[PDB]
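Shown here is one chain on its own, the form deposited in one PDB entry, set out as structure tokens.
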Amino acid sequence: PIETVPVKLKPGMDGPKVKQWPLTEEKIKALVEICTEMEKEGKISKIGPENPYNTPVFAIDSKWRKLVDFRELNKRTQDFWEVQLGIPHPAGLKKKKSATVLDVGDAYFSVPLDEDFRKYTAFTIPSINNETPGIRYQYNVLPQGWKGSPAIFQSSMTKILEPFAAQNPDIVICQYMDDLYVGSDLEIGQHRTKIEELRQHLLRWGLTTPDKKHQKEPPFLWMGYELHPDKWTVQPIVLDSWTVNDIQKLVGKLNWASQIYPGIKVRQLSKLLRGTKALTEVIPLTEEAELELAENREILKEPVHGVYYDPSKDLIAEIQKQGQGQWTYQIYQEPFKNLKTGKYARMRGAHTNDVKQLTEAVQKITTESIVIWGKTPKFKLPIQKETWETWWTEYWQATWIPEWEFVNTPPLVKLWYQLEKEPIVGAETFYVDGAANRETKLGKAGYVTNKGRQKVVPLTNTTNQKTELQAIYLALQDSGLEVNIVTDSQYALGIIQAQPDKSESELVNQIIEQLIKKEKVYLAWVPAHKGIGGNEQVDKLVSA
């Protein structure tokens, strides 16, 4: 009785036409038996040779089911509105007095197929002997392996549910694939009463559900979770094997555990998986990564459970700086009962700031909260309000953080150095510069100072930008606690101005370490080759 969804093929393409591969006669009789039963129930109907289209059929106790390869038909079938890939996260669920799983049987076969599209779903039963022409059929309902069957089933289920949902606004119905998860806070008696009403309502539309064979409430082993009536957790995770693929599956299991297990670290192991591409290839076990596996095994020994969600209470997210470039966070409402946990790693890039990384993690957690709970959390962050205010006011970019409160949990996020906004009086003025020959990959760096100091160092395997940064480093090393540096390198000025906390460049890190020891540093920029006095002198010294 369900209304059909009009379906069309892609404009350029046309219906499939494939040849059926031969098969064993025992399978052929089995396919014959299966197709005769389906024909009786209206699911499939025999066709003549007027139809030109065919797609290959196959057969696979404990078994002998029918499989059809619709890949060609799928390639020719229009795109649909895709079903939702994201699965409900258990931490987003609200505790309910009772909750029931009503899985739908033969779900696709209950829903009709567009009459004009049925022709393309045509299949030919293999003939037992090559001499006879095989029997031919066409689907009248949604084929199992077809592109539009998942989406058309979902829309049909939504239509069937909409009236009953309005009649019973108290009941909460969740749709995921063929399963319908129903929760409520009625008394146990009225819950079963409405569950039975829902079962009857689906039956009028030809959808069948378990009755008193419903899955048991404690062992909700759903999509890798345990859904207890009072809590949720990750299903038990196992894990020594050193193949590349074995490492990848280990890292996946650790990430999946990190939803609720705090402190799971994967940074060292992720460095092991660096485009090797050889799943069989064994990897050397760095002691840094090998210890990392040991730490996780200690954590995984502790059984961890998460709580469900309470709309009346506030969402709190708290973030801890773990290591370098790694951040860990917990989201909770009650003081020690966590809704879930997670990690955020430094996004790819060099010259990063701990303050900048913290903001991005706040950004990531904020978006995650909206997906799961529909509101944004209150944050507990390991940064002083004085540090953040200094950073935002002087930062070149527009930044914002929601309401937050300092937590004195070290390590604390701090600005390791701050540059001077005005030239320092009584401080030596270093005019630095660098240059290198691109073909030779060789160059030089140095400085010329107001007091007459000068220096040039020879360099090898360097680029022009590296020399420009190197000259700044040379001045920093050969300077007192207060120094004024004048450069023409926009590249150099930009890195230093961004106040990077660290980087992958050992030179930049050295510059950072020199900058932190300095009491005051002022960096000024001047146009190159414009006749500025100090810059002109150093340019001849470095490049010649």
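Sequential numbering from 1, following the sequence displayed.
The form deposited with a small molecule bound exists for this protein as well; it is not shown, and the discussion that follows is about that form.
Colleague: Where does the small molecule sit in the entry with it bound: which of 458 to 466, 288 to 296, 114 to 122, 275 to 283, heavy atoms within 4.5 Å?
Modeller: This holds for exactly one stretch, 458 to 466.
Colleague: Please determine whether residue 77 contacts the small molecule in the entry with it bound, using a 4.5 Å cut-off between heavy atoms.
Modeller: No.
Colleague: Against the small molecule in the entry with it bound, would residue 195 count as a contact residue? Criterion: heavy atoms within 4.5 Å.
Modeller: Looking in the entry with it bound, residue contacts with the small molecule do not include residue 195, since no heavy atom lies within 4.5 Å.
Colleague: Is there a non-hydrogen atom of residue 470 within 4.5 angstroms of a non-hydrogen atom of the small molecule in the entry with it bound?
Modeller: Judged by the heavy-atom cut-off of 4.5 Å, residue 470 is in contact with the small molecule in the entry with it bound.
Colleague: Answer with yes or no whether residue 59 is in contact with the small molecule in the entry with it bound, where contact means some heavy atom within 4.5 Å.
Modeller: Output for residue 59 is no: heavy atoms all beyond 4.5 Å of the small molecule.
Colleague: Which residue, 507, 28, 35, 47, is the contact with the small molecule in the entry with it bound, using a 4.5 Å heavy atom cutoff?
Modeller: Partner contact (heavy atom, 4.5 Å) among the options: 507.
Colleague: Have a look at 128, 474, 244, 427 for me and say which one sits with a heavy atom within 4.5 Å of the small molecule in the entry with it bound.
Modeller: Checking each option against the small molecule in the entry with it bound, the one that comes within 4.5 Å is 474.
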